[PDB]
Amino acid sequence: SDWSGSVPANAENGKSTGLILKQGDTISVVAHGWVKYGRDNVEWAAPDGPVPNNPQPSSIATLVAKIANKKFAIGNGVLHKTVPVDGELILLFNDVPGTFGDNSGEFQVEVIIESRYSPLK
């Protein structure tokens, strides 16, 4: 993997991967494991999001990619997706701001930069 590490659910600013992406690059991601987005026994999330017996609002408590303050869905993973904007890849458990204090656990995530942008010409 270009980067492998943990994404803590309680990190309100996510986990910086150090991968500096450019528009037109392609990346793949897979994310494993389980986190809590609250203290109650039902408030569990996979990267794809809350367990559906306790749904939360759109995008909340899901694993997203933050690139230059833009957010993109990742969830359990993506394959060979084109990057739309330049920026460092930050992986984030997208809880509601200010509600990370009751979060626990971490995802195990792998990122591969499948290609760096180069046009056919």
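Each residue number is its position in the shown sequence, starting from 1.
Enquirer: Regarding 42 to 50 and 69 to 77, which shows the higher C-alpha temperature factor on average in the entry?
Expert: Looking at the record's C-alpha B-factors, the answer is 69 to 77.
Enquirer: Please compare 93 to 101 with 8 to 16 and name the stretch with the higher mean C-alpha B-factor in the deposited structure.
Expert: Here the higher of the two C-alpha B-factor means belongs to 8 to 16.
Enquirer: Going by the entry, which of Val30, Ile27, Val85, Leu63 has the most elevated CA B factor?
Expert: Top of the list by C-alpha B-factor: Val85.
Enquirer: Classify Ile113 as lowest, middle or highest third according to the C-alpha B-factor given in the PDB entry, relative to its own chain.
Expert: As the PDB entry reports it, the C-alpha B-factor of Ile113 lands in the highest third of its chain.
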